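A note on names: the letters A, B, ... follow the listed sequences, proteins ahead of strands, and every chain is numbered from 1. Atoms considered below: every heavy atom in the structure, side chains included; atoms not considered: hydrogens, waters and symmetry mates.
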Amino acid sequence: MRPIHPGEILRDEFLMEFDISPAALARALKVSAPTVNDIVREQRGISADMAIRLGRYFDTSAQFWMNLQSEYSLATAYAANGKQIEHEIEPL
Amino acid sequence: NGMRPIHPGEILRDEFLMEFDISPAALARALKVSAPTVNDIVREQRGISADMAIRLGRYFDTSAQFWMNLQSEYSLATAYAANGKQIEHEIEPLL
Amino acid sequence: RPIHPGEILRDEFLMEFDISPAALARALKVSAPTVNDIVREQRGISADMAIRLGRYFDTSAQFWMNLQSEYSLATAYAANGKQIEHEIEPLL
Amino acid sequence: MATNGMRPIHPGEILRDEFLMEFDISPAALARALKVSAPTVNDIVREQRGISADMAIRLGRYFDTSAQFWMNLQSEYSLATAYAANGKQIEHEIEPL
DNA sequence: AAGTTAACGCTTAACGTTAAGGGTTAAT
DNA sequence: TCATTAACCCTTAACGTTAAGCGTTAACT
């Protein structure tokens with residue numbers, strides 16, 4: 001009943017489930033602390049690079065993270081520009 | 001199939017722009033988008049933005065998410081090709 | 001509502017003089033995301049940015065600091081004012 | 001700003017001289033009253049830490065003072081110290097409109 | 001004329017760096 | 001004991017760098 005930012009999933013399903021702080025996760029992923037923390041704060045998306053890193057580290061699949069992101073981005077784009085795009089583009 | 005990932009622009013060409021014989025420039029006028037935007041996607045020099053997946057989904061009567069999935073699988077694959085081996089070397093997997 | 005300082009910069013200065021975010025950036029000698037993130041209301045005015053904006057627009061720098069300080073006070077009060085009032089009793 | 005005009009006044013100076021000494025309150029005791037850790041008050045009193053917006057609210061409620069008073073001291077201090085470090089260089093690279 | 005595209009600028013995501021505010025712990 | 005403060009880490013703001021998506025104006029077919 002809402003589009004879920006991937007950082008929500010990382011925060012509630014992995015970080016808080018495994019009791020891992022953002023800074024600790026960043027050290028294990030070999031990235032800077034803002035890279036993990038901006039995602040967890042729902043202020044950054046999952047890059048292709050971070051999906052590999054997250055899937056490698058948490059055993060999960062990398063596509064899983066990519067799909068979380070692309071669904072979030074599609075829903076975010078739609079709510080923003082959907083009715084306008086539909087008003088200006090006639091199909092076939 | 002040569003085990004290379006498929007860029008979405010090749011689908012936009014060989015399965016939509018040639019099937020319906022539509023001009024890159026004509027598609028752009030139809031999508032109310034600039035000409036270089038369509039042309040760069042066709043030319044495999046740009047990815048499918050979320051705005052563009054909505055537009056192609058709407059025009060060509062396909063899912064918008066179909067295009068998003070084509071893009072994600074591609075850029076995941078190309079990121080893996082360019083960095084997966086290094087990423088696997090430096091990250092140990094909590095187990 | 002608390003007005004973000006970027007709003008006052010976007011609407012009372014950039015729009016009054018038809019200056020793009022990118023152009024202001026070249027004139028202030030900062031990177032383009034530094035001006036653009038202020039304009040988008042995703043970044044506060046730093047003291048260094050208040051000096052640059054004060055110098056460019058012949059305002060005081062304190063003017064920009066006061067916009068920032070009133071904004072971040074309101075923000076912080078909206079985030080924690082009720083809890084802080086609950087947990088602190090005033091001196092008598 | 002100082003009377004001699006040669007340095008900015010840090011808000012912790014006002015905190016300890018005009019409130020802590022005026023009321024005989026220890027930094028550690030102020031920390032207990034404000035519900036913050038002891039180094040938070042003590043680093044402000046030692047003029048080693050700025051007043052955050054959260055801390056201005058705590059100080060405002062506790063001392064009946066206004067919270068913006070504390071913000072105003074901090075921003076003037078942060079402006080003055082930013083300007084002494086970089087004002088000339090900013091002045092040379094930015095032509096006004 | 002109309003489709004392509006190489007140039008150029010604007011906006012803005014992702015990233016590492018640096019630094020500051022904060023709590024904790026423990027030393028003084 | 002009780003207050004001060006050092007040392008350390010975590011979270012997060014501001015910043016430059018880089019690169020991607022996009023539109024515009026021109027060259028080119």
Side-chain angles (χ1 to χ4, degrees), chain A residues 1-6 44-52 55 61-92, chain B residues 1-85, chain C residues 20-22 32-33 36 40:
Chain A
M1 59 234 94
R2 180 208 41 177
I4 290 147
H5 195 281
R44 182 180 306 191
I46 307 303
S47 74
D49 173 89
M50 209 58 35
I52 297 156
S61 99
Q63 258 306 135
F64 163 76
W65 297 102
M66 298 291 301
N67 292 330
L68 273 189
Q69 184 60 37
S70 73
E71 288 154 35
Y72 180 83
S73 316
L74 181 51
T76 295
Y78 188 86
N81 329 309
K83 304 294 297 194
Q84 231 289 315
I85 287 179
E86 293 171 345
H87 171 83
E88 66 184 30
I89 292 181
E90 62 152 276
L92 281 55
Chain B
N1 303 264
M3 267 266 305
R4 212 97 205 213
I6 167 63
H7 184 297
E10 185 186 316
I11 305 314
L12 180 60
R13 250 197 302 102
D14 307 351
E15 298 278 273
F16 290 91
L17 278 205
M18 290 280 143
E19 177 53 59
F20 283 93
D21 195 284
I22 299 176
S23 185
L27 173 51
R29 281 189 301 281
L31 291 182
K32 318 298 193 82
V33 153
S34 81
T37 303
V38 170
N39 186 244
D40 275 25
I41 291 159
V42 158
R43 202 213 291 134
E44 302 209 0
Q45 271 204 3
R46 181 194 297 208
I48 303 271
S49 81
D51 176 88
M52 203 60 41
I54 297 172
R55 287 184 200 262
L56 299 171
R58 162 102 175 150
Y59 191 63
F60 285 123
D61 184 51
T62 75
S63 149
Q65 184 72 62
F66 164 70
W67 299 105
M68 300 294 307
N69 292 339
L70 265 183
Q71 185 60 66
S72 61
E73 296 162 6
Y74 176 72
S75 52
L76 178 63
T78 84
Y80 188 78
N83 308 309
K85 267 45 211 178
Chain C
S20 65
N36 201 52
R40 294 191 292 152

In terms of heavy-atom contacts, B/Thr78 and B/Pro5 come closest through CG2-CG, 4.2 Å
Please give me the minimum heavy-atom distance between B/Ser75 and A/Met66, naming the atom from each residue.
OG-CE, 4.1 Å
Can you measure from CD1 (B/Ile6) to CG (B/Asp14) and round to the nearest 0.5 angstrom?
7.5 Å
I'd like to know if the side chain of A/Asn67 reaches the main chain of A/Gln63, judged simply by a donor and an acceptor atom lying under 3.5 Å from each other, with no hydrogens or angles considered.
yes
Quick one, B/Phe16 and B/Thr62 - any side-chain contact, counting heavy atoms below 4.5 Å?
yes
Can you see which heavy atom on A/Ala77 is nearest to which on B/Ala50, and at what distance?
CB-CB, 3.7 Å
In this structure, CG of B/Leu12 is separated from CD of B/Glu44 (nearest 0.5 Å) by 10.0 Å
From CA spacing to verdict: side chain to side chain contact (heavy atoms under 4.5 Å, CB included), A/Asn81, B/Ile54
CA-CA 9 Å; A/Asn81 329 309; B/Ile54 297 172; 5.6 Å; no
Side chain B/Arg55, main chain B/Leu31, donor-acceptor under 3.5 Å
yes
Flag if over 12 foreign heavy atoms under 6.0 Å of CD, B/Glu15
no
Please find the pair of heavy atoms, one from B/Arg46 and one from B/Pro36, that lie closest to each other, and give the distance.
NH2-O, 4.0 Å
Counting only heavy atoms from other residues, nucleotides and ligands, does the tally under 6.0 Å from CZ of B/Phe66 exceed 12?
yes
Are A/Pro91 and B/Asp61 close enough that some pair of their side-chain heavy atoms sits under 4.5 Å apart?
no
Intermediate values then yes/no, side chain to side chain contact (heavy atoms under 4.5 Å, CB included), B/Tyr74 and B/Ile48
CA-CA 10 Å; B/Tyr74 176 72; B/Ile48 303 271; over 6 Å; no
Tell me whether the centres of the aromatic rings in B/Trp67 and B/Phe60 are closer together than 6.0 Å.
no
Show the nearest heavy-atom pair for residues B/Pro24 and B/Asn39, with the distance to one decimal.
CB-ND2, 4.3 Å
Please report the closest heavy-atom contact between B/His7 and B/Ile41, naming both atoms and the distance.
CE1-O, 4.0 Å
Using only heavy-atom distances, determine whether the side chains of B/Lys85 and B/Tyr80 contain a donor-acceptor pair under 3.5 Å.
yes
Which distance, rounded to the nearest 0.5 Å, do you find between the CG of A/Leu74 and the CG of B/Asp51?
10.5 Å
Nearest-0.5 Å distance that lies between atom NZ in B/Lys32 and atom OH in B/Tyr59:
11.0 Å
